[PDB]
Amino acid sequence: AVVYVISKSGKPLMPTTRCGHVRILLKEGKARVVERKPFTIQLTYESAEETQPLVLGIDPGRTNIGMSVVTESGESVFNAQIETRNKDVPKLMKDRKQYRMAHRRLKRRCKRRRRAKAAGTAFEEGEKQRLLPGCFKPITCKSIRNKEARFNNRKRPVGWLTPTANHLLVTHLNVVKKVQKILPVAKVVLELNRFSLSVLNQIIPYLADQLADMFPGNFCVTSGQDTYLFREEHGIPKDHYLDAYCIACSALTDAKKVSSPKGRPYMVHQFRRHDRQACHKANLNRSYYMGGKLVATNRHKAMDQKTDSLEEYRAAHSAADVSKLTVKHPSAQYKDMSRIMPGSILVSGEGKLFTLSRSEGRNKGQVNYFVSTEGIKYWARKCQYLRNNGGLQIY
RNA sequence: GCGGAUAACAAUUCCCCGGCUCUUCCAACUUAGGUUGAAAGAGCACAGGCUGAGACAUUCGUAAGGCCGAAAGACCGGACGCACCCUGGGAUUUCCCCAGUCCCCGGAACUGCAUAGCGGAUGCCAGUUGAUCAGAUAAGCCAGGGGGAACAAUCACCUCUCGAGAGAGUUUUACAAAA
DNA sequence: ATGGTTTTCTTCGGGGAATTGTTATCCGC
DNA sequence: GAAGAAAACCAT
Ligand SMILES: CCCCCCCCCCCC[N+](C)(C)[O-]
Ligand SMILES: [Mg+2]
Ligand SMILES: [Mg+2]
């Protein structure tokens, strides 16, 4: 019911409600459909670029961010819910730290120790206890000294944030810019909540500081208590996606046309821009089979292994059973590092356009199925690639 | 302004379980060979990018000053030593950019270290061939983290008809006025 | 029946130690 | 999420 308009110069204009005029404009070539959702058209002719003030209200969250644009009278012209991938970041970073430590131990430290043992350049006692500065307890260095441990004097800029905190802050800032692309936002209101979630608390001062440099003299702050009062006074239904509506309407001095937005908000999903991991599966389990049935997982138990190993099998079975055993160790699997990534736009073999949620299956170097953001699976060989992932996607 | 408490998530180094390839030897099971296992030993460690030496061991040295001792030295201290600190320049590094780690030259203030780190000497571990460059050369560094740009087979809402086709549905992108 | 193709279903490396750091909130002097 | 094996299928 609301169409977004962009001028010929590319400057956002006010939304229209005259859908018949939009259809006529597109029919005669005076406009082009820039985006499917939200439906946006760019004018081809030249006209006045005159816009009334619009207020943007941000309900901030780690997982769900609400955004609502209202007019000076309180009419709502845009509501969006953004689902972020912030929770993924700490686990990916922890996995990366573990992989880096494994790289630096298996490929560097152990090889150096092997070379020292082979060359006779090792400790006479074989191991040494080193007490390093800043430590009260020693470390054990086997056959050679440790590589220098650097933890005494490491500095960061004032205001340093973790990759997770930076991700949340940059996501909050990026959704505002994407909204500014379609709408002429004049004022921004941010909800500030009293202390009672750690990353959000870390970024709120930074978000407020950088939201005031983007809107000089047009940045406002509201409280979660004011949202409750607004909901009680104006009767807005209790729903999270409506909270941003109560935030933007907090900036309006004389509210006359105030009503809860009717319809469903736009839903935005976040997809990672890079996947730098080459390996898919490091199959490190040496499985033993007795007549097609698995009986042991390794020669001895690995760390935190509940399943029996070959040691238990040998202890509980004869020599003729161990002598008749088959070994399966699947090779490591690797991803296609130049694959079609989630968030991409494709058209199926029947003309259906969809956003890629994931790729399932593979045969003869080809993806089997493309699963979209609605759950439907499409034959990937009869699908055509249209657009790459752009980070934030309407679905 | 400082101190304390709480939470989140960032970094360096070390140690282990397990995994892969090969050798020796023993055992079991099978058609001299083959399969599985035990023991001992050796090598190996995302796909990759950069780099030509930098890893290791022993030994010597590592300011002034204070304090203990007669005997070198112990402790404090910290610089004229070193740096994770700081200026500049780089690798990873790319469609654009960053984070993190690391390297090189230098050392005003700040910060940190002296059982460390750095340097010297001695030993040990590479590669070497094609026309000054190129090649080769590891016990060298980084590598599984984040955003953005660009890329469409982009026509939505409403009405009518049988998912498909057609359509001024009030005028301006919009307010205002007008209809 | 045999060979090729599509659909369902399964599965993915861990532990410890010597240390350090940043951001936010709150409290107190 | 993504790769790959087993099952299931459909067939000529
Ligand atoms: C948070 C929801 C944001 C949805 C808005 C999507 C922004 C797309 C902007 C397209 C405009 C491109 N162009 C060339 C006209 O500038
Ligand atoms: Mg809120
Ligand atoms: Mg490699």
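Excluded from the calculations below are hydrogen atoms, water molecules and symmetry mates; all remaining heavy atoms, backbone and side chain alike, are included. To find a chain, count down the sequence lines: A is the first, B the second, and so on, and within it residues start at 1.
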Check: RNA chain B: A:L310 or A:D275, which has the more 5' nearest nucleotide?
Finding: A:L310
Check: Which glycosidic conformation, syn or anti, is assigned to B:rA114 if syn requires a torsion within 90° of zero?
Finding: syn
Check: Which value, in whole Å, describes the distance between the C1' atoms of nucleotides B:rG145 and B:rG107?
Finding: 34 Å
Notebook entry, point to check: North or south: where does the sugar of B:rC9 fall when you read the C1'-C2'-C3'-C4' torsion?
Noted result: south
Item checked: Watson-Crick or G-U wobble pair, B:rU101 with B:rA91, both distances under 3.5 Å -> yes
Check: So, A:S9 and A:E49: side-chain donor and acceptor under 3.5 Å apart, yes or no?
Finding: yes
Next item on the list: State whether the distance check finds a donor on one side and an acceptor on the other, under 3.5 Å, for side chain A:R100 versus base B:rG100.
Entry: no
Check: Looking only at atom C1', what distance separates B:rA150 and B:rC95, rounded to whole Å?
Finding: 8 Å
Note to self: Need the pucker for B:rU154. North if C1'-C2'-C3'-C4' is positive, south if negative.
What the structure shows: south
Item checked: Nearest-Å distance once atom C1' is located in both B:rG89 and B:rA5 -> 44 Å
Next item on the list: Using the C1' atom on both, measure B:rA53 against B:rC104 and round to a whole Å.
Entry: 15 Å
Note to self: Quick check: closest heavy atoms across A:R145 and A:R109, and the distance to 0.1 Å?
What the structure shows: O-NH1, 2.7 Å
Margin query: Between B:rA99 and B:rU92, how many Å separate the two P atoms, rounded to a whole number?
Written below: 16 Å
Notebook entry, point to check: Distance between the P atoms of B:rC103 and B:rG146, in whole angstroms?
Noted result: 26 Å
Check: Expressed as a whole number of Å, how far does the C1' atom of B:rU62 sit from that of B:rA83?
Finding: 15 Å
Note to self: Around atom CD of A:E125, are there more than 12 heavy atoms from other residues, nucleotides or ligands closer than 6.0 Å?
What the structure shows: no
Check: Counting any heavy atom closer than 4.0 Å, what does A:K27 reach on the DNA or RNA strands: base, sugar-phosphate only, or nothing?
Finding: sugar-phosphate
Margin query: Taking B:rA116 as the reference, what is the distance to B:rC20 when you measure between their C1' atoms (whole Å, please)?
Written below: 38 Å
Check: Based on groove atoms of paired bases, is it major or minor where the side chain of A:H280 comes under 5.0 angstrom?
Finding: minor
Checklist line | Under 3.5 Å donor-acceptor pair, A:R96 side-chain atoms to B:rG146 base atoms | finding: no
